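Input: a single structure, listed below in C-alpha cells.
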Amino acid sequence: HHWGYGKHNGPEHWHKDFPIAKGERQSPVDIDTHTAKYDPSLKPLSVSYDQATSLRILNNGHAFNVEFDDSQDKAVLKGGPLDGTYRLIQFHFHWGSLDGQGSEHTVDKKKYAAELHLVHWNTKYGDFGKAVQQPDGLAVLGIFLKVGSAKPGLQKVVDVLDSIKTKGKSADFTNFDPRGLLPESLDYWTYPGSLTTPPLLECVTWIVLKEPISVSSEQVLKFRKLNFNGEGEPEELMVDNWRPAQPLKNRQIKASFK
Ligand SMILES: C[C@H](CNC(=O)c1ccc(S(N)(=O)=O)cc1)Cn1ccc2ccccc21
Ligand SMILES: [Zn+2]
Numbered sequence: 003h004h005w006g007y008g009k010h011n012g013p014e015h016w017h018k019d020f021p022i023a024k025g026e027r028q029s030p031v032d033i034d035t036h037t038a039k040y041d042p043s044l045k046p047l048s049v050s051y052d053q054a055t056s057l058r059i060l061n062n063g064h065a066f067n068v069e070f071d072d073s074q075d076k077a078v079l080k081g082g083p084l085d086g087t088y089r090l091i092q093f094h095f096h097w098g099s100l101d102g103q104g105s106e107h108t109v110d111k112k113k114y115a116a117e118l119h120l121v122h123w124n125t126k127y128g129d130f131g132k133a134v135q136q137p138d139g140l141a142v143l144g145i146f147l148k149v150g151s152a153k154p155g156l157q158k159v160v161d162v163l164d165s166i167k168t169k170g171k172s173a174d175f176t177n178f179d180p181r182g183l184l185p186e187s188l189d190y191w192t193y194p195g196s197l198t199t200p201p202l203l204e205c206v207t208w209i210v211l212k213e214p215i216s217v218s219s220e221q222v223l224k225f226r227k228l229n230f231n232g233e234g235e236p237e238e239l240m241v242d243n244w245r246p247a248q249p250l251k252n253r254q255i256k257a258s259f260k
C-alpha cells in the first residue's frame, strides 16, 4: 500500500515496485573517510543562493519540502565535480526518532540526527522531469545535522511546521534564505548515486559537506511532531524517514580536501 518507511512498506520492500533499488549506483552510502581519496582536480563548490525565491512548504507524507521558483537561474549550484549549472528546486530533510539516528549518509558508520538535501537540476535538460532521466541530471547538496546549539537560519522552518502537520498540507513560505542552513566550510565528498526515495532514479551527483550544522534539541523535536498521515486519520509520527546505507559497488568517493 504505497511506499513509506514502516515495517510493511519501508526500504526493504521498495525493490518490488522499484527494482532499481538493487541497482549499481544507489544512495545513500557510508562514507569511509580512510578510503575516500582527495582529488586535486576538484574545484571549489559555487553556491549562488543570493537570488533564491522560496514559495511554499509542503508535507508530502514522507518529509516536508521547501519549494523554490526554478523558472530562471535564481539559486544555482556550480563548480566542484559539476559541469554546467544546476538550479535549486527544493530542499527537505531526513531525521530520526532519537538523536543517534536519522541521516541517510553515514561517515565511518556514524549516523547523524538528521540530513538536509538541497536538490538541484541540470539546466541543460530544460526541466526537472527530463533531468531525472539523465545520469547527470541532478546535483544534491547533503548537509548533516547534529544536536547542539540552535541553528538560527532553521527557526523559520521549525515555526511553520505546526501549520503543515499532516500529509497534503502546505503553507506560504516566501522570502526564506537557504544560505542560513549552510555550515562555514564547503569542503565535501562526492560520488555518483541516486534519489534516496522511490523512484530511486540513478540521476544524482552527490555532494556531501564534511562539516555538519548544529541544531537544537527543541528544533529537531519539532520535526518529530509532524505526521506521515493525513488529517483525520490515525496519528503516525513522521520520524525515521531515512533509507539506510546501500552497497557502494563499483564507485569511488572523492574528497575535495586533504
Ligand atoms: C522524482 C520526483 C519526486 N522525487 C524527488 O523529486 C526527489 C528529490 C530528491 C530526493 S533525495 N532524498 O535523494 O534528495 C528524492 C526524491 C517526481 N517527479 C518526476 C518527474 C517530475 C517532474 C517535476 C517534478 C517532480 C517530478
Ligand atoms: Zn532526501
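Numbered according to the authors' numbering, the sequence shown spans residues 3 to 260.
C-beta: ideal position from N, C-alpha, C; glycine also.
Query raised in the report: What first and last residue would you give for the alpha helix (DSSP H) that runs through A133?
Result: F130 to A133
Query raised in the report: At a cut-off of 7 Å, is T198 close to ligand 2 when judged by its beta-carbon and the heavy atoms of the ligand?
Result: yes
**Report entry** Beta carbon of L228 nearer than 8 Å to that of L183
**Finding:** no
Requested in this report: Taking all protein chains shown into account, decide if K169 is buried (16 or more other Cβ within 10 angstroms of its Cβ) or exposed.
Outcome: buried
**Report entry** Pairwise C-alpha distance: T176 and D242
**Finding:** 28 Å
Report task. My understanding is that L188 touches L100, with C-beta atoms under 8 Å, so please give their C-beta distance in whole angstroms. Result -> Wrong, their Cβ atoms sit about 29 Å apart, outside the cutoff.
Query raised in the report: How many Å lie between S219 and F225 at the Cα?
Result: 10 Å
**Report entry** Close beta carbons around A38, own chain, < 6 Å, minus the five adjacent residues each side
**Finding:** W191, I255 and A257
Query raised in the report: Roughly how many whole angstroms lie between the Cα atoms of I166 and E238?
Result: 14 Å
Requested in this report: Can you tell me which of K9, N61, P137 and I33 puts its alpha carbon nearest to the alpha carbon of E233?
Outcome: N61
Report task. Examine ligand 2 and report whether any of its heavy atoms sits within less than 7 Å of the Cβ of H96. Result -> yes
Query raised in the report: By the 10 Å Cβ neighbour count, where 16 or more other Cβ atoms means buried, how is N124 classified, buried or exposed?
Result: buried
Requested in this report: Taking only the alpha-carbon atoms, compute the straight-line gap between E204 and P180 and give it to the nearest angstrom.
Outcome: 26 Å
Report task. Check whether the Cβ of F130 lies closer than 7 Å to any heavy atom of ligand 1, and answer yes or no. Result -> yes
Query raised in the report: Taking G6 as the reference, which of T55, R89, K171 and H96 has the closest Cα?
Result: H96
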